[PDB]
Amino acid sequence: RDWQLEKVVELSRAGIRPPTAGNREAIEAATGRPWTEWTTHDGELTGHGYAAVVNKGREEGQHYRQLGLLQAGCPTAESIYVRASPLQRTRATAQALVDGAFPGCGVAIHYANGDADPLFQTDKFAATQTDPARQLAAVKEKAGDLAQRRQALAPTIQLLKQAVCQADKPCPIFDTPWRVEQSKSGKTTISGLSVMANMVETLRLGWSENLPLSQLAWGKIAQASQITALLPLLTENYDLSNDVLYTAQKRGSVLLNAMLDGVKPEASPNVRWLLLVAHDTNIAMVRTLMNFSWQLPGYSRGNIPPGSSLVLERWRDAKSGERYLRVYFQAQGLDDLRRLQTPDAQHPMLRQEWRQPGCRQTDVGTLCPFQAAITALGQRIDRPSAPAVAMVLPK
């Protein structure tokens, strides 16, 4: 064996949900019409979603057993520790991963007893909140000329409009111009853009979910490429919220820091696989601190599909004993999610590896000298926004 996988740290998005209750309100207002009620309640993990997460978890358990990271059969407390955001959908996604990865093993997942996990719901904690003024300036300054941003996305706006606007009923959202707005709690959003992004997320999920076409966008969206063509609105909005450096630094530092620490040797707890299941906003903030940009086929830049994941693997060269870090983002494509495709040679997980000078290509992926990879990924972290967190939750 040339290379030995030693530790996985992974940050999963929740699987397929219907729109959240907030989304639904905003998108039915914005289009003057009701949108499909799913078989799952708003905000929760759909069965289809769980099926898809189980599929990924099944391959991942097999993959990490084959690589010798995990022992055969049922895991122990040394094999994996799973910590999920306390929302229903992330708990259920966490169950779904271990359901796939450890068939029949009744593996428990952990989550915080409140409504807030200091890794995830970071706006609920003093050290990890944004300052309203700073946030506004940072968003305003990344946004720049918003009318010009809107003009560049006009074709994409139009595709969205033809998909979601009833013919001749008015559709106010496509009409409002784009401004930075800031609610009394300090959340910033981009008028028109955000809700459009919410719409696009919802269409992507409905696609992924395998909704009937008539309940996805009233028959208008019939092939994956039409979801793909809407996704630059969602990237635009990510660029102007979660992936705004300052926001990622106040809200995401604690998570990246807990991930880099978890991938370090002597980590606590001592487990071979540290699995964190949380939200797209979390992944986006983390990957922005990592300055890791990806674009997977069928998706637009930075896109975070349901049940996708950011992974840090620490590997050891069998010969020299030297340590390396591999970093990648993985997801399934639109149709694979729709079809509950089990990932395999003819239908592989989509994946992009992070790289920087010094990384080496190997049989097991792009491997980067460890210390210099940890230093580079960690550079953008705001230390005062990264309190240490005890990774093992209580019961």
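Residue numbers here begin at 1 and follow the sequence given.
If you average the C-alpha B-factors over 28 to 36 and over 46 to 54, the higher value belongs to 28 to 36. A summary of the deposited B-factors shows that, of 127 to 135 and 245 to 253, the stretch with the larger mean C-alpha value is 127 to 135. Highest C-alpha temperature factor among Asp168, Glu313, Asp280, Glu201 per the entry: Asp168.
Listed residues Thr76, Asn291, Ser308, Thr235 were ranked by CA B-factor as deposited; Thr76 comes out on top. Per the PDB record, residue ranking by Cα B-factor puts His347 in the highest third of the chain. Among all modelled residues in its chain, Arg383 ranks in the highest third by Cα B-factor. The deposited CA B-factor of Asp335 belongs to the lowest third of values across its chain. Among the modelled residues of the chain, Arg326 sits in the lowest third by CA temperature factor in this PDB entry. For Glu60, the recorded CA temperature factor ranks within the middle third of the chain's modelled residues.
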